[PDB]
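Working notes, beginning with the structure itself.
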Amino acid sequence: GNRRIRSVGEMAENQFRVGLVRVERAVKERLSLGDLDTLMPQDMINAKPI
DNA sequence: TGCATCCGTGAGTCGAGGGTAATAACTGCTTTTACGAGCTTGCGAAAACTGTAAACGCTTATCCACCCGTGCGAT
């Protein structure tokens with residue numbers, strides 16, 4: 001009752017939040033630096049770290 | 001004199017299957033290094049040709065002694 005089972009769909013979800021933190025670095029470092037009246041969301045979002 | 005932080009230990013053969021990925025600038029300007037191009041020597045081959053002591057087969061000049069050109073003889 002003190003030990004718990006963590007299967008594939010949970011361990012793949014913990015590893016998807018780790019990749020999404022790398023979005024929270026590069027987005028907050030783009031909304032202050034980058035242009036405003038031109039920037040689409042496809043431009044700022046990377047695909048490699050996630 | 002404990003008390004608290006710290007350094008250093010932890011069996012052996014095999015085995016299977018393999019190697020990663022986040023993100024980073026543009027410009028003009030000047031010096032160095034490579035790549036292909038075109039010669040210059042030179043070096044190993046091909047194809048001819050002028051010096052010597054044997055160089056493949058083959059004639060003679062000799063000498064001489066087996067044999068016998070013949071004759072005549074042996075019982």
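Residues in the structure tokens are numbered from 1 in each chain, the chains being A, B, ... in the order shown, and ligands are numbered from 1 in the order shown.
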Can you pull out every residue from chain A that DSSP, working from the backbone, puts in alpha helix (DSSP H), and format the result as a PyMOL selection string?
chain A and resi 8-28+41-44
Write out the residues from the selection above, keeping N, CA and C atoms, as a PDB file, in the first residue's frame.
```
ATOM      1  N   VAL A   8       3.372   2.581 -18.895  1.00  0.00           N
ATOM      2  CA  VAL A   8       3.940   3.220 -20.083  1.00  0.00           C
ATOM      3  C   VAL A   8       3.300   4.574 -20.352  1.00  0.00           C
ATOM      4  N   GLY A   9       1.978   4.666 -20.221  1.00  0.00           N
ATOM      5  CA  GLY A   9       1.291   5.909 -20.517  1.00  0.00           C
ATOM      6  C   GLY A   9       1.522   7.004 -19.505  1.00  0.00           C
ATOM      7  N   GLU A  10       2.009   6.661 -18.319  1.00  0.00           N
ATOM      8  CA  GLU A  10       2.403   7.664 -17.344  1.00  0.00           C
ATOM      9  C   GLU A  10       3.856   8.075 -17.510  1.00  0.00           C
ATOM     10  N   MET A  11       4.738   7.117 -17.790  1.00  0.00           N
ATOM     11  CA  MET A  11       6.147   7.444 -17.964  1.00  0.00           C
ATOM     12  C   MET A  11       6.400   8.176 -19.273  1.00  0.00           C
ATOM     13  N   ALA A  12       5.547   7.975 -20.276  1.00  0.00           N
ATOM     14  CA  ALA A  12       5.638   8.760 -21.498  1.00  0.00           C
ATOM     15  C   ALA A  12       5.020  10.138 -21.342  1.00  0.00           C
ATOM     16  N   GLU A  13       4.169  10.325 -20.339  1.00  0.00           N
ATOM     17  CA  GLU A  13       3.581  11.621 -20.039  1.00  0.00           C
ATOM     18  C   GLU A  13       4.486  12.466 -19.159  1.00  0.00           C
ATOM     19  N   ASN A  14       5.271  11.830 -18.287  1.00  0.00           N
ATOM     20  CA  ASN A  14       6.284  12.562 -17.540  1.00  0.00           C
ATOM     21  C   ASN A  14       7.406  13.036 -18.447  1.00  0.00           C
ATOM     22  N   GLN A  15       7.726  12.266 -19.483  1.00  0.00           N
ATOM     23  CA  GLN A  15       8.738  12.650 -20.455  1.00  0.00           C
ATOM     24  C   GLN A  15       8.227  13.637 -21.489  1.00  0.00           C
ATOM     25  N   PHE A  16       6.919  13.838 -21.590  1.00  0.00           N
ATOM     26  CA  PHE A  16       6.406  14.874 -22.470  1.00  0.00           C
ATOM     27  C   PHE A  16       6.309  16.227 -21.784  1.00  0.00           C
ATOM     28  N   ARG A  17       6.189  16.257 -20.455  1.00  0.00           N
ATOM     29  CA  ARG A  17       6.265  17.526 -19.744  1.00  0.00           C
ATOM     30  C   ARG A  17       7.690  18.043 -19.686  1.00  0.00           C
ATOM     31  N   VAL A  18       8.675  17.142 -19.707  1.00  0.00           N
ATOM     32  CA  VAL A  18      10.076  17.550 -19.690  1.00  0.00           C
ATOM     33  C   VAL A  18      10.436  18.256 -20.989  1.00  0.00           C
ATOM     34  N   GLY A  19       9.930  17.755 -22.115  1.00  0.00           N
ATOM     35  CA  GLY A  19      10.161  18.423 -23.381  1.00  0.00           C
ATOM     36  C   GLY A  19       9.407  19.728 -23.519  1.00  0.00           C
ATOM     37  N   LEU A  20       8.229  19.830 -22.905  1.00  0.00           N
ATOM     38  CA  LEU A  20       7.436  21.047 -23.006  1.00  0.00           C
ATOM     39  C   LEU A  20       7.981  22.189 -22.159  1.00  0.00           C
ATOM     40  N   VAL A  21       8.846  21.899 -21.186  1.00  0.00           N
ATOM     41  CA  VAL A  21       9.514  22.956 -20.432  1.00  0.00           C
ATOM     42  C   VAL A  21      10.491  23.711 -21.331  1.00  0.00           C
ATOM     43  N   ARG A  22      11.082  23.027 -22.315  1.00  0.00           N
ATOM     44  CA  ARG A  22      11.946  23.686 -23.290  1.00  0.00           C
ATOM     45  C   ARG A  22      11.183  24.625 -24.219  1.00  0.00           C
ATOM     46  N   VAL A  23       9.863  24.476 -24.325  1.00  0.00           N
ATOM     47  CA  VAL A  23       9.046  25.498 -24.974  1.00  0.00           C
ATOM     48  C   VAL A  23       8.953  26.741 -24.095  1.00  0.00           C
ATOM     49  N   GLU A  24       8.772  26.551 -22.785  1.00  0.00           N
ATOM     50  CA  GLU A  24       8.601  27.666 -21.858  1.00  0.00           C
ATOM     51  C   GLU A  24       9.864  28.497 -21.686  1.00  0.00           C
ATOM     52  N   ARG A  25      11.025  27.977 -22.075  1.00  0.00           N
ATOM     53  CA  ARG A  25      12.212  28.818 -22.156  1.00  0.00           C
ATOM     54  C   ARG A  25      12.174  29.678 -23.411  1.00  0.00           C
ATOM     55  N   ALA A  26      12.024  29.043 -24.573  1.00  0.00           N
ATOM     56  CA  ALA A  26      12.180  29.738 -25.844  1.00  0.00           C
ATOM     57  C   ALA A  26      10.987  30.605 -26.216  1.00  0.00           C
ATOM     58  N   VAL A  27       9.826  30.405 -25.595  1.00  0.00           N
ATOM     59  CA  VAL A  27       8.690  31.271 -25.897  1.00  0.00           C
ATOM     60  C   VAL A  27       8.771  32.556 -25.083  1.00  0.00           C
ATOM     61  N   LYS A  28       9.078  32.442 -23.788  1.00  0.00           N
ATOM     62  CA  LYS A  28       9.272  33.620 -22.950  1.00  0.00           C
ATOM     63  C   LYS A  28      10.521  34.414 -23.322  1.00  0.00           C
ATOM     64  N   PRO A  41       2.615  31.578 -34.544  1.00  0.00           N
ATOM     65  CA  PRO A  41       3.061  30.546 -33.587  1.00  0.00           C
ATOM     66  C   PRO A  41       3.905  29.434 -34.193  1.00  0.00           C
ATOM     67  N   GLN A  42       3.821  29.199 -35.506  1.00  0.00           N
ATOM     68  CA  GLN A  42       4.697  28.211 -36.133  1.00  0.00           C
ATOM     69  C   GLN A  42       6.141  28.689 -36.161  1.00  0.00           C
ATOM     70  N   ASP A  43       6.350  30.004 -36.105  1.00  0.00           N
ATOM     71  CA  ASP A  43       7.702  30.544 -36.161  1.00  0.00           C
ATOM     72  C   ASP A  43       8.443  30.328 -34.847  1.00  0.00           C
ATOM     73  N   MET A  44       7.758  30.511 -33.719  1.00  0.00           N
ATOM     74  CA  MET A  44       8.445  30.507 -32.432  1.00  0.00           C
ATOM     75  C   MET A  44       8.632  29.095 -31.890  1.00  0.00           C
TER      76      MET A  44
END
```
Find the residues in chain A near chain B: any atom within 10 Å counts, using only C-alpha atoms (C1' of nucleotides). Write them as a ChimeraX atom specification.
/A:22,48-50
Could you write out the selected residues, including N, CA and C atoms, as a PDB file, in the first residue's frame?
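Written file, again23.pdb:
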```pdb
ATOM      1  N   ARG A  22      11.082  23.027 -22.315  1.00  0.00           N
ATOM      2  CA  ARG A  22      11.946  23.686 -23.290  1.00  0.00           C
ATOM      3  C   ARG A  22      11.183  24.625 -24.219  1.00  0.00           C
ATOM      4  N   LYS A  48      12.589  20.183 -32.366  1.00  0.00           N
ATOM      5  CA  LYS A  48      13.707  19.321 -31.989  1.00  0.00           C
ATOM      6  C   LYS A  48      13.809  18.982 -30.500  1.00  0.00           C
ATOM      7  N   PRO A  49      13.672  19.926 -29.507  1.00  0.00           N
ATOM      8  CA  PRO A  49      13.867  19.496 -28.114  1.00  0.00           C
ATOM      9  C   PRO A  49      12.718  18.667 -27.568  1.00  0.00           C
ATOM     10  N   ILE A  50      11.523  18.884 -28.109  1.00  0.00           N
ATOM     11  CA  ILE A  50      10.334  18.194 -27.622  1.00  0.00           C
ATOM     12  C   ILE A  50      10.274  16.781 -28.182  1.00  0.00           C
TER      13      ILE A  50
END
```
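For the atom pair formed by CA of residue 32 (chain A) and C1' of residue 25 (chain B), the distance is 19.5 Å, given to one decimal.
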